[PDB]
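Participant: Next up is a structure, given as structure tokens.
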Amino acid sequence: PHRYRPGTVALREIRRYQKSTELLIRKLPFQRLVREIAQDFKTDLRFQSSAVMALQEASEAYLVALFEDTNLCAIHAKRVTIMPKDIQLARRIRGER
Amino acid sequence: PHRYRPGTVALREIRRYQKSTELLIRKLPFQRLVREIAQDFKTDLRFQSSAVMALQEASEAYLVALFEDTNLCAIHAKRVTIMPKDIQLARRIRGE
Amino acid sequence: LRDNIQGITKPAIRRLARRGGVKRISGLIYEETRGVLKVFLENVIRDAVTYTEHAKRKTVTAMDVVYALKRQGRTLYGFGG
Amino acid sequence: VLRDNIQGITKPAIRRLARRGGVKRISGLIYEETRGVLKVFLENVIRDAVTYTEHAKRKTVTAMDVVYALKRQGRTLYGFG
Amino acid sequence: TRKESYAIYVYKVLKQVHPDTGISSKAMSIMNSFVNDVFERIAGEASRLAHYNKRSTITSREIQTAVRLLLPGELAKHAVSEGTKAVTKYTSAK
Amino acid sequence: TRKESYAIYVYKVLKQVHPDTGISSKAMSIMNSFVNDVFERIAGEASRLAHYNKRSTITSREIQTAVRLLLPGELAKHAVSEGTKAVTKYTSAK
Amino acid sequence: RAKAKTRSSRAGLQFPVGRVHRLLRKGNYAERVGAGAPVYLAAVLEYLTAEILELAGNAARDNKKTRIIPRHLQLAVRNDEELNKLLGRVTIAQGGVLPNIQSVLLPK
Amino acid sequence: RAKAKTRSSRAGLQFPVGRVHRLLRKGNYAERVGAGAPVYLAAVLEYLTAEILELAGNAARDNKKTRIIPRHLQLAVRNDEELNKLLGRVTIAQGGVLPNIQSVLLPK
Amino acid sequence: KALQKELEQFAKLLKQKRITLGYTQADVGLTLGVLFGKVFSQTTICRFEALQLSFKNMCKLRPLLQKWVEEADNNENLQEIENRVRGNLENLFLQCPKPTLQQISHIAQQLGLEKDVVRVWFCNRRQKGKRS
DNA sequence: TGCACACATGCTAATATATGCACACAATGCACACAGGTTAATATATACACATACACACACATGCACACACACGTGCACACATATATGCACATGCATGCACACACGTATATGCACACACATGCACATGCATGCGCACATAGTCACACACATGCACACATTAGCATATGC
DNA sequence: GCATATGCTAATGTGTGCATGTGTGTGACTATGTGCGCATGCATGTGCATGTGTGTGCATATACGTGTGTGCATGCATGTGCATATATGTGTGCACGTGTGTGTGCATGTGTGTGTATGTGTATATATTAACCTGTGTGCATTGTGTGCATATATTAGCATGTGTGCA
């Protein structure tokens, strides 16, 4: 059976997901996450449908930008796989700590 | 003759300069640099003495904070020596 | 609504990393990413809810999120502000 | 004023700044890179400070002009007014 | 009620630079967001400029200085020309 | 002329927390910058809050919400308690 | 009265001078607003809008599209060095990112 | 009439309530300023001043110093988790840095 | 050319130094082994002093002996301190001149000889039978 | 364990910086009087949450193996520490232009109030560019096969040690 | 009996050929792209209408030009001595290469939870209307605040001691 070598289809996904603009997190689980977090601030909180979409758009943009910075840290360390210390370094330099 | 190992005097200088607060760049050379840069925007500019002092305080604070970020990048690469690519990565992540 | 952070699945985190240009991902990234997103959401939602209280409303609007994001230096376009 | 005053930021001065930043070992190419970074930082601050000075129809750059320029760049400085 | 936006003015500008190109509603919202954002930045900087100089009125001079402070190199130079040209043309016709 | 600063008020606050501790002129300037910076941050946030809600008045409610948005968690809680206590005492006395 | 001429037409602008003047007055920026301040500000806003729309229209034309979508605005802003600086801390909804793969990650 | 007493004494504050009201009115923040707003703002400013000054006075005492200097203000802010967050983008002149050496750089 | 006579003169002087130093040829081989690691047998030293070895071998052992005579003069105390198998293998020939390794292992186990020894002996058997 | 180097410590004079004081004055408070922003109560339309249903694409788990990361070792030249000559920054004064700030008269310009049109937003179709899906060309993967370059091994030549023959 | 000379043959070595391994240059396989055909819903153009920008005087105050005096920034000249630059030696950290285990990617099969549509009841955000309380505005009395000076404290600069760490 045909098998692509490791990293070959990973590069295909990079090209695919950098061409498109759709949200990459499933909408319903993210909506449940937003409501769960807002419970610690209020009870009986309702959300506009566009409010959750705005939160998801900002959340995915923030995470994608973080992964771009995380990737540079991994490459700086002469690696190709991102690790939690790469994320920790990027947030520390960014001041998100 | 007595000779300290490489990095022993460097560690003492780190403790010495992290304890004090004085400006680490000479004042007169920094003032000349400020005036030369400012001449590209206006001719025959004057500076208050505290205006140059404010510039030097911010410039040294900016550079010290950049070196702190640069040092983390060097350590991340399992090094102890900062390199230009360490500065470039820190400024890239900061958004500069 | 209990333990919804696991709704951010491994394939979802991998897709976000692919858009970020990441080629290889360690197995410990997924739990680290969930904690990062959890912290980010708390900061925005806390400010967005604070805007909701001041308006004496019980519904979080898109403008409340937009104002909360703007306050944190994360201006978002396309939702009325 | 003069010309080529970036060399006035000497290697020992750059070393002292690195020591305050906790840097133990410094490569020889750091000093040229540091001078370029400082010049870029000073060009941005001084350009805005002169813009504040020009608007006030003054010929003297004041501490407040530098403070406003630094605040404009997200680098607010205390201790000069 | 009526919700004012810049959509009809953005559409007029779009027909000037691209007469055959349309714009989506989501893209129009982003353009409306961009205009409000830039307006608030310039007006905020101009407001501070009047306060720093102990002035109580915002004039085209304050707007010009705010534009130079907020816009990058070539954008500021061209924006200042458009603002100056419009002001010159405006006062020529009262 | 007369230059206005918070130096005399910062000094009175210092004499309560630390009756036998002085302050240098450079440190007093920093404290003056800190008070002005926090004032501008809170007043700016309160001003935006009134505009968002179609209001023309800055009230203590706008100030209280601005404090919660700008100050970190436990700092905001004590600041809100201090502000509420002062407004209650101010109203009870006048 | 004479025929009512809009200030935008007098200044040769498409953006509303009168609305910008009112927004400045009620925006709590200063107690007075000059006559030329809204004209200058409206012209600057019109110029910046034209810069983005022209670049976004070119991006839409490249992708064989007749309608500008958020993706084209994102491509226009991020591929322009000066626009990218102005909007460096701004997220565009449904804009995506720029295609960029580090050369070290490419196969050799 | 009656003997005039300041609103700061009415609110039990040391920061100038009357001056904060004038700074709010002339600061171009809103058309009107409520009576309670300057009182609330002055109390918050006084509390934040007291928090920093009491921490800075502790740092001065730790250094056998009777006068607070910019170093003591910097030490108080950076050693306090919340105050460091509030002044994260703030540079204190002549404040220095916190003594901090990475353990990897320490001798083996 | 004259390398022949130069070797001969060196060898005569070498014999004189060996006789003067009170070292036997076996002792010379032992000294060469403990000072270089390549211990040589006394037959090689005999064929050297009598000039029997080949020219290439002559030149090859010139330097070691030069070094030994130039070094040992300083201090001496520390420096001092079967036919039936043949017949069976011949019987194994005359029927299969070049056996396989599979048979070689059996032959080695049968006569108790090492595999390498039997292989080299087989090769030299072939060699001397192909001489004629 | 002992030596040499660096930072610290109780110690005394010296000074410049902070502290306290007295005075004018400008801003705060006090007292009205007005008015409009805000509140509150009501009604109304909105759109959010809740449930229900379906189909299906994605998520989850597994098995497999590839290659990446991490440890290890090597060597080298780069950078640290040091010494020495020296350039020059720091401090200190002295003089002078000169720009900045105050003060003031005052016209220009902006807010104010009001009538009134018209430009803008909501609502209404409407048609058209985008999305959806089928087939087909097409760039790319890689895997597979072939060709080339390179070690043991062995074809024959050299080499060197054994058993026994001589000899001192 | 030990130490030399012989005959003789294991053993290697020169030289080499095959055989094996690695690298490079393409059939099958897969996936992205490109038209082609078609329905959808979403953008666009067309009218009501109403709220807002405009035209118009009108009064008012901010800003501006003029002049003023003073701080102050610039330039110069002098002096010590601290820091800088240069060169020398060398330790050690960086980078390179090697190898190995295992973690991660790829692919497969399965089911389940997401996405879409549907509908409904309910909470609620919104808008209208009346009124009233709060903030502004104005003027006057005046007390607190900042300026300018005395005053004396803490801070800073030396000099012997007192550890305290590094380093061989």
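Every chain in the structure tokens takes a letter, A first, then B, and so on in the order presented; its residues are numbered from 1, and the ligands are numbered from 1 following the presented order.
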When you get a sec, could you note down which chain H residues fall within 6 Å of chain G, using only C-alpha atoms, as a short mmCIF file (atom, residue, chain, number, x, y, z; two decimals) with N, CA and C atoms, in the first residue's frame?

Facilitator:
data_model
loop_
_atom_site.label_atom_id
_atom_site.label_comp_id
_atom_site.auth_asym_id
_atom_site.auth_seq_id
_atom_site.Cartn_x
_atom_site.Cartn_y
_atom_site.Cartn_z
N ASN H 28 -11.67 66.85 28.82
CA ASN H 28 -12.43 66.42 27.64
C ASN H 28 -12.72 64.92 27.69
N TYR H 29 -13.43 64.52 28.74
CA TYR H 29 -13.83 63.14 28.94
C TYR H 29 -15.32 62.92 28.75
N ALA H 30 -16.15 63.86 29.18
CA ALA H 30 -17.59 63.81 28.94
C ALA H 30 -18.14 65.22 29.08
#

Participant: If you count only C-alpha atoms (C1' of nucleotides), which residues fall within 10 Å of region 68-80 of chain H, apart from same-chain ones fewer than 2 positions away, as a PyMOL selection string?

Facilitator: (chain B and resi 19-21) or (chain D and resi 78-79) or (chain F and resi 21-31) or (chain H and resi 51-63+65-66+82-88+91-99)

Participant: Name the residues of chain B that come out as strand (DSSP E) in a backbone DSSP run; write them as a VMD selection string.

Facilitator: chain B and resid 46 to 47 81 to 82

Participant: May I have the residues from that selection written out with C-alpha atoms, as a PDB file, in the first residue's frame?

Facilitator:
ATOM      1  CA  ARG B  46      18.218  72.503  20.581  1.00  0.00           C
ATOM      2  CA  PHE B  47      17.723  70.021  23.408  1.00  0.00           C
ATOM      3  CA  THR B  81      26.656  33.177  24.315  1.00  0.00           C
ATOM      4  CA  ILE B  82      24.263  35.697  22.791  1.00  0.00           C
TER       5      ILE B  82
END

Participant: Mind doing a quick least-squares superposition of chain E onto chain F, all C-alpha atoms paired one-to-one in order, and writing it out as a PDB file with C-alpha atoms, in the first residue's frame?

Facilitator:
ATOM      1  CA  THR E   1       3.807  80.544  36.990  1.00  0.00           C
ATOM      2  CA  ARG E   2       2.409  77.826  39.248  1.00  0.00           C
ATOM      3  CA  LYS E   3       2.986  74.232  38.113  1.00  0.00           C
ATOM      4  CA  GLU E   4       0.467  71.986  39.852  1.00  0.00           C
ATOM      5  CA  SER E   5       1.539  68.496  40.893  1.00  0.00           C
ATOM      6  CA  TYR E   6       0.541  65.748  43.321  1.00  0.00           C
ATOM      7  CA  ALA E   7       3.719  66.024  45.408  1.00  0.00           C
ATOM      8  CA  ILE E   8       2.123  67.530  48.513  1.00  0.00           C
ATOM      9  CA  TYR E   9      -0.634  64.889  48.487  1.00  0.00           C
ATOM     10  CA  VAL E  10       1.839  62.051  47.888  1.00  0.00           C
ATOM     11  CA  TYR E  11       3.855  63.350  50.845  1.00  0.00           C
ATOM     12  CA  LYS E  12       0.751  63.296  53.057  1.00  0.00           C
ATOM     13  CA  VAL E  13       0.087  59.676  52.077  1.00  0.00           C
ATOM     14  CA  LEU E  14       3.737  58.788  52.722  1.00  0.00           C
ATOM     15  CA  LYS E  15       3.539  60.139  56.277  1.00  0.00           C
ATOM     16  CA  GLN E  16       0.468  57.960  56.883  1.00  0.00           C
ATOM     17  CA  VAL E  17       2.155  54.680  55.926  1.00  0.00           C
ATOM     18  CA  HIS E  18       5.759  55.625  56.836  1.00  0.00           C
ATOM     19  CA  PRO E  19       5.938  58.594  59.226  1.00  0.00           C
ATOM     20  CA  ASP E  20       9.749  58.443  59.500  1.00  0.00           C
ATOM     21  CA  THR E  21      10.537  57.798  55.811  1.00  0.00           C
ATOM     22  CA  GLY E  22      11.278  60.588  53.346  1.00  0.00           C
ATOM     23  CA  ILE E  23      11.315  60.643  49.560  1.00  0.00           C
ATOM     24  CA  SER E  24      13.792  62.008  47.033  1.00  0.00           C
ATOM     25  CA  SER E  25      12.882  64.614  44.429  1.00  0.00           C
ATOM     26  CA  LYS E  26      13.472  62.166  41.571  1.00  0.00           C
ATOM     27  CA  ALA E  27      11.319  59.556  43.316  1.00  0.00           C
ATOM     28  CA  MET E  28       8.645  62.210  43.898  1.00  0.00           C
ATOM     29  CA  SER E  29       8.628  62.956  40.164  1.00  0.00           C
ATOM     30  CA  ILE E  30       8.068  59.255  39.463  1.00  0.00           C
ATOM     31  CA  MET E  31       5.166  59.184  41.930  1.00  0.00           C
ATOM     32  CA  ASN E  32       3.710  62.288  40.273  1.00  0.00           C
ATOM     33  CA  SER E  33       4.152  60.551  36.917  1.00  0.00           C
ATOM     34  CA  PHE E  34       2.405  57.445  38.268  1.00  0.00           C
ATOM     35  CA  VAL E  35      -0.630  59.372  39.540  1.00  0.00           C
ATOM     36  CA  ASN E  36      -1.110  61.256  36.261  1.00  0.00           C
ATOM     37  CA  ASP E  37      -0.711  58.021  34.284  1.00  0.00           C
ATOM     38  CA  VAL E  38      -3.315  56.127  36.319  1.00  0.00           C
ATOM     39  CA  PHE E  39      -5.645  59.140  36.238  1.00  0.00           C
ATOM     40  CA  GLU E  40      -5.499  59.284  32.435  1.00  0.00           C
ATOM     41  CA  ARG E  41      -6.092  55.534  32.088  1.00  0.00           C
ATOM     42  CA  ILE E  42      -9.132  55.478  34.387  1.00  0.00           C
ATOM     43  CA  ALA E  43     -10.632  58.702  33.037  1.00  0.00           C
ATOM     44  CA  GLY E  44     -10.063  57.540  29.465  1.00  0.00           C
ATOM     45  CA  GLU E  45     -11.729  54.177  30.079  1.00  0.00           C
ATOM     46  CA  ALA E  46     -14.614  55.821  31.946  1.00  0.00           C
ATOM     47  CA  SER E  47     -15.016  58.290  29.074  1.00  0.00           C
ATOM     48  CA  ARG E  48     -15.297  55.426  26.581  1.00  0.00           C
ATOM     49  CA  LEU E  49     -17.745  53.602  28.863  1.00  0.00           C
ATOM     50  CA  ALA E  50     -20.109  56.585  28.843  1.00  0.00           C
ATOM     51  CA  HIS E  51     -19.801  56.841  25.057  1.00  0.00           C
ATOM     52  CA  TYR E  52     -20.510  53.132  24.509  1.00  0.00           C
ATOM     53  CA  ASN E  53     -23.707  53.438  26.573  1.00  0.00           C
ATOM     54  CA  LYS E  54     -24.769  56.749  24.955  1.00  0.00           C
ATOM     55  CA  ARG E  55     -24.322  58.581  28.262  1.00  0.00           C
ATOM     56  CA  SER E  56     -23.076  62.157  28.512  1.00  0.00           C
ATOM     57  CA  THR E  57     -21.936  62.165  32.163  1.00  0.00           C
ATOM     58  CA  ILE E  58     -19.165  60.279  33.947  1.00  0.00           C
ATOM     59  CA  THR E  59     -20.348  59.031  37.343  1.00  0.00           C
ATOM     60  CA  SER E  60     -18.862  56.887  40.098  1.00  0.00           C
ATOM     61  CA  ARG E  61     -20.400  53.867  38.357  1.00  0.00           C
ATOM     62  CA  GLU E  62     -18.297  54.544  35.254  1.00  0.00           C
ATOM     63  CA  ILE E  63     -15.213  55.006  37.447  1.00  0.00           C
ATOM     64  CA  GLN E  64     -15.953  51.724  39.234  1.00  0.00           C
ATOM     65  CA  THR E  65     -16.238  49.812  35.951  1.00  0.00           C
ATOM     66  CA  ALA E  66     -13.074  51.451  34.601  1.00  0.00           C
ATOM     67  CA  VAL E  67     -11.174  50.487  37.765  1.00  0.00           C
ATOM     68  CA  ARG E  68     -12.213  46.843  37.382  1.00  0.00           C
ATOM     69  CA  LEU E  69     -11.223  46.839  33.700  1.00  0.00           C
ATOM     70  CA  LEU E  70      -7.812  48.434  34.292  1.00  0.00           C
ATOM     71  CA  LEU E  71      -6.705  46.953  37.562  1.00  0.00           C
ATOM     72  CA  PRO E  72      -5.543  43.370  38.198  1.00  0.00           C
ATOM     73  CA  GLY E  73      -7.383  40.940  40.468  1.00  0.00           C
ATOM     74  CA  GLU E  74      -6.738  41.924  44.079  1.00  0.00           C
ATOM     75  CA  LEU E  75      -5.880  45.549  43.272  1.00  0.00           C
ATOM     76  CA  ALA E  76      -9.286  46.094  41.653  1.00  0.00           C
ATOM     77  CA  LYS E  77     -11.172  44.540  44.572  1.00  0.00           C
ATOM     78  CA  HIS E  78      -9.454  46.719  47.176  1.00  0.00           C
ATOM     79  CA  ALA E  79      -9.556  49.885  45.058  1.00  0.00           C
ATOM     80  CA  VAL E  80     -13.301  49.427  44.551  1.00  0.00           C
ATOM     81  CA  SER E  81     -13.740  49.159  48.325  1.00  0.00           C
ATOM     82  CA  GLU E  82     -11.813  52.394  48.931  1.00  0.00           C
ATOM     83  CA  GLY E  83     -13.751  54.197  46.208  1.00  0.00           C
ATOM     84  CA  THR E  84     -17.102  52.933  47.477  1.00  0.00           C
ATOM     85  CA  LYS E  85     -16.238  53.737  51.101  1.00  0.00           C
ATOM     86  CA  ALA E  86     -15.170  57.285  50.225  1.00  0.00           C
ATOM     87  CA  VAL E  87     -18.311  57.873  48.150  1.00  0.00           C
ATOM     88  CA  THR E  88     -20.515  56.477  50.926  1.00  0.00           C
ATOM     89  CA  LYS E  89     -18.740  58.642  53.506  1.00  0.00           C
ATOM     90  CA  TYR E  90     -18.886  61.688  51.213  1.00  0.00           C
ATOM     91  CA  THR E  91     -22.658  61.647  50.679  1.00  0.00           C
ATOM     92  CA  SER E  92     -23.210  60.957  54.389  1.00  0.00           C
ATOM     93  CA  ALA E  93     -21.656  64.396  54.997  1.00  0.00           C
ATOM     94  CA  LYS E  94     -23.124  66.064  51.865  1.00  0.00           C
TER      95      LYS E  94
END

Participant: What's around residue 105 (chain J) at 12 Å? Count only C-alpha atoms (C1' of nucleotides), leave out sequence neighbours fewer than 4 positions away in its own chain, and write the answer as a ChimeraX atom specification.

Facilitator: /K:64-67

Participant: Can you check which residues of chain I DSSP gives as helix (DSSP H, G or I) on the backbone and send them as a PyMOL selection string?

Facilitator: chain I and resi 3-21+25-36+42-49+55-71+77-80+83-92+101-111+115-131

Participant: Dump C-alpha atoms for the selected residues as a compact mmCIF listing (two decimals), in the first residue's frame?

Facilitator:
# COMPACT_ATOMS: atom_id res chain seq x y z
CA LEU I 3 72.45 -0.14 -1.54
CA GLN I 4 73.66 -3.76 -1.64
CA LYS I 5 77.13 -2.90 -0.36
CA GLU I 6 75.79 -0.35 2.12
CA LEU I 7 73.47 -3.01 3.56
CA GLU I 8 76.39 -5.45 3.68
CA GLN I 9 78.59 -2.99 5.59
CA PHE I 10 75.72 -2.24 7.97
CA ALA I 11 75.17 -5.96 8.54
CA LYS I 12 78.84 -6.61 9.30
CA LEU I 13 78.89 -3.77 11.80
CA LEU I 14 75.58 -5.08 13.21
CA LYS I 15 77.16 -8.48 13.80
CA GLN I 16 80.07 -6.77 15.53
CA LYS I 17 77.81 -4.76 17.85
CA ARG I 18 75.66 -7.80 18.65
CA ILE I 19 78.72 -9.87 19.54
CA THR I 20 80.18 -7.00 21.57
CA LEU I 21 76.94 -6.39 23.50
CA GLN I 25 69.69 -13.53 18.24
CA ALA I 26 66.65 -14.74 20.16
CA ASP I 27 67.43 -12.00 22.67
CA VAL I 28 67.66 -9.56 19.75
CA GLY I 29 64.18 -10.61 18.64
CA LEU I 30 62.90 -10.22 22.19
CA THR I 31 64.38 -6.71 22.42
CA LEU I 32 62.86 -5.76 19.06
CA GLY I 33 59.50 -7.01 20.31
CA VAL I 34 59.66 -5.16 23.63
CA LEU I 35 60.80 -1.93 21.95
CA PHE I 36 58.59 -1.92 18.84
CA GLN I 42 65.94 -15.71 15.51
CA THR I 43 65.85 -17.30 12.05
CA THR I 44 65.19 -13.87 10.56
CA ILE I 45 68.18 -12.40 12.42
CA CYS I 46 70.35 -15.31 11.24
CA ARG I 47 69.31 -14.81 7.62
CA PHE I 48 69.95 -11.08 8.07
CA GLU I 49 73.48 -11.35 9.47
CA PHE I 55 66.13 -7.24 -0.98
CA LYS I 56 62.72 -5.81 -0.07
CA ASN I 57 62.87 -7.58 3.28
CA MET I 58 66.47 -6.36 3.63
CA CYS I 59 65.34 -2.75 3.36
CA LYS I 60 62.27 -3.40 5.52
CA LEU I 61 64.30 -4.62 8.50
CA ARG I 62 67.11 -2.08 8.07
CA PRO I 63 65.38 0.72 10.07
CA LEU I 64 64.33 -1.36 13.09
CA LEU I 65 67.86 -2.65 13.62
CA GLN I 66 69.28 0.84 13.05
CA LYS I 67 67.03 2.19 15.80
CA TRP I 68 67.83 -0.66 18.17
CA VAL I 69 71.59 -0.26 17.81
CA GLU I 70 71.28 3.52 18.16
CA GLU I 71 69.09 3.26 21.28
CA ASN I 77 69.29 -3.33 32.89
CA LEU I 78 65.86 -1.72 32.60
CA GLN I 79 65.37 -3.10 29.09
CA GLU I 80 66.29 -6.58 30.32
CA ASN I 83 52.53 -36.34 9.80
CA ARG I 84 49.27 -38.26 10.22
CA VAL I 85 47.25 -35.06 9.70
CA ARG I 86 49.38 -34.42 6.62
CA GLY I 87 48.65 -37.91 5.29
CA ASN I 88 44.93 -37.59 6.00
CA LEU I 89 44.77 -34.25 4.18
CA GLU I 90 46.69 -35.70 1.23
CA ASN I 91 44.11 -38.50 1.20
CA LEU I 92 41.42 -35.79 1.17
CA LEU I 101 33.70 -24.07 3.05
CA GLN I 102 30.93 -26.49 4.06
CA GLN I 103 33.39 -29.37 3.67
CA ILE I 104 36.25 -27.29 5.11
CA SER I 105 34.42 -26.92 8.43
CA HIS I 106 33.93 -30.69 8.60
CA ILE I 107 37.60 -31.28 7.79
CA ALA I 108 38.66 -28.83 10.49
CA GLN I 109 36.44 -30.44 13.12
CA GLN I 110 37.60 -33.92 12.06
CA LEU I 111 41.32 -33.23 12.46
CA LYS I 115 39.46 -23.13 10.39
CA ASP I 116 41.90 -20.41 9.32
CA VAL I 117 44.85 -22.80 9.61
CA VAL I 118 43.12 -25.38 7.43
CA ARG I 119 42.07 -22.72 4.91
CA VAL I 120 45.58 -21.31 4.51
CA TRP I 121 47.08 -24.80 4.36
CA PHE I 122 44.57 -25.69 1.63
CA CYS I 123 45.52 -22.56 -0.29
CA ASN I 124 49.24 -23.36 -0.05
CA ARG I 125 48.59 -26.97 -1.06
CA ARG I 126 46.90 -25.67 -4.20
CA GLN I 127 49.77 -23.22 -4.65
CA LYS I 128 52.55 -25.79 -4.55
CA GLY I 129 50.56 -28.21 -6.70
CA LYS I 130 50.10 -25.46 -9.29
CA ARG I 131 53.82 -24.65 -9.22
